[PDB]
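Below, in C-alpha cells: the form deposited in one PDB entry, a single chain.
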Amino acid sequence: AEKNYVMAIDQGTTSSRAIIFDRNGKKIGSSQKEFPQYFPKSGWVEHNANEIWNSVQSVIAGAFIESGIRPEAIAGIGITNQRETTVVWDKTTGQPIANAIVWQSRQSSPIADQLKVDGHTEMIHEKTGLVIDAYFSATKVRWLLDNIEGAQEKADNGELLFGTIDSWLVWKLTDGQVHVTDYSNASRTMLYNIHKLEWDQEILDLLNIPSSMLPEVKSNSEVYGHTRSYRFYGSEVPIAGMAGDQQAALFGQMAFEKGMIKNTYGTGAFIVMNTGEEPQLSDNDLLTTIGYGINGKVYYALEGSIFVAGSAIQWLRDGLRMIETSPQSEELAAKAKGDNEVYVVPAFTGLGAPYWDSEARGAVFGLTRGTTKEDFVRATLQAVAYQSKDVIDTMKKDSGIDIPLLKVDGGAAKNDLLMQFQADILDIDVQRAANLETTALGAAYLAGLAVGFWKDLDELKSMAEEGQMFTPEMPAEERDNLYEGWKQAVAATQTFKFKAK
C-alpha cells in the first residue's frame, strides 16, 4: 500500500502518452499511442472522443506493463492535454453528440468572423485575454449547437455537457461523478473571465450557450476526486493535477517566476512566459492567459502560438510524400547545399502570433532551378525557428524587459541542428530540457504536490537537471539577413488573399 510513484497522462494532438515517475522524478515506465485524425473538409480537423479515451486506456496499461509497478502503488495522477479541443456529450449516456473539434480546426471561423464584425473584439479581449478566433473553444461549442440536429434543444434541457479534453478524461476516470476543469484549460475557452475567475455570463449569453453545460473550474493542484475502482484496476487513485499541455510544460520547466520563458516544439510550437500574479503590461499581438493556479494564487502568462510546426513535417510526409518518415527530415535538411534563400511559410490554416492573420495560406518563396528536396525540407524546418523569433521579439517589446535565456522542450527539440539554428537566429542562449517530455513532468509535479508526494516547490527545484545548452555562434550580419528574408516572405504571404467571387 506504499505509494512511491505518480502517473502523468499527456493526451496530445496526434498521440496520447502515460508515464510513471518515482520520488526522484525518474521515468519508470512509459507508453505512447497514436489515434485517428479526421479531415472531413479542407481546414476541418476532428477527433473521435471515444477513440481518444481508448488511446488513454491503452497507454495507461502500457506504462504499467513496462514499469512492472502495481496500480495500488500510485500516489496520484496528473492529467495534461491538447488545449481548446472541444467535446460535447450527453450526461446520462456519456456519449459524445459528435466528433470533438480540434484546436487546429477552422470550421467555426464563420462564427468567429461574425463576432468581430459586431465589434466584440475589445470586449472579448478584456474578459478573456484572447483574440477572437476559431482556435478557441467558444465558437466550437456554438458550431456544435448550430450544426448537430437537436443539440441546442438538448443543451437547453440540461442534458448536454461541454468540456475540453482534461474535463472529458476526468469524467471518464470518475465514470460521470466529476465534471471539472482547471484554470489553465478554462482560460483557453474564450468563455472564461480570467480577471474575475468565473465563466462569463455576457459571452455565454452572446453565444447562447447554457450554463448547465459548464464544468466547475478549480486550481491546477488539488484532489478533484478519485478514479472509480473499476476504472483503475481495483484502486481508487487520487486525480490531483490538471493543466493544459503548454502550461504543464511551463511548470515542468520550473518557470515559476516572472520573466521565465519556454518554447515547446510539437505539432505546433508555443512560447509561454510567466508574468506573475499581475499581468501588468502590454500584450499586443499576444495572448494573455492563465499559467496556473496553486496555493490559492493565480499566475498569469503571456503566450505566442505557432499553429503549424511538426504538422508541417507531417505534410511533407503525407501530403507531398517528399520524405518517407518525419525523422528523415533532419537527415535531409542537414545535407542542403543551397544558399539558404528559400523560404517556406507553412500557414496552412492562417498565421499565428504575432500576425493572427486567418486568411493567409501556405506559401513558398525564392525558388530557383537549383532548389533541391534537401533545401525545401530545410526551409520547412527553419520556419518554426523564424516565427519563434517573431514572437520573442514581440514579448520583449510588450514586457519591455530583456530575454537572455530560452528553455526548450518537445519532440522536435531533439534535433540539434534546429536548436542551434534557433539560438543562432535569436542571438540568445537556448537551454534544452534533460528530458523532452517536460509536459508530463509538469503534470506529475502538480499532482505530486497536491497529494504530498513532494512537499513544496523547493523540493521540486532540487530535482532540476541541466540539459544541453545551445549558445549563439552566427554573425550579426548573417542572422540579420536570414531573418530579413523571412520577414519579407511573410509580408508577401500576407498579400495573397485571393477569394473566389
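Just so we're on the same page, rigid core means the largest C-alpha set that superposes within 1.5 Å between forms. Residue numbers run from 1 along the displayed sequence.
Missing here is the form deposited in another entry; even so, the following discussion is about that form.
- For the residues 217, 204, 336, 178, superposed on the rigid core between the shown form and the other one, a C-alpha shift of 2 angstroms or more shows up only at 336.
- In a rigid-core overlay of the protein, residue 26 has its C-alpha displaced by at least 2 Å between the shown form and the other one.
- Relative to the superposed rigid core, residue 40 undergoes a CA displacement smaller than 2 Å between the shown form and the other one.
- Superposition of the core reveals a Cα shift of 2 Å or more for residue 292 between the shown form and the other one.
- By 3 Å or more, the C-alpha separation between residue 114 and residue 282 shrinks in that other deposited form relative to the form shown here.
- The pair residue 323 and residue 307 is looser in that other deposited form: their Cα-Cα distance rises by no less than 3 Å compared with this form.
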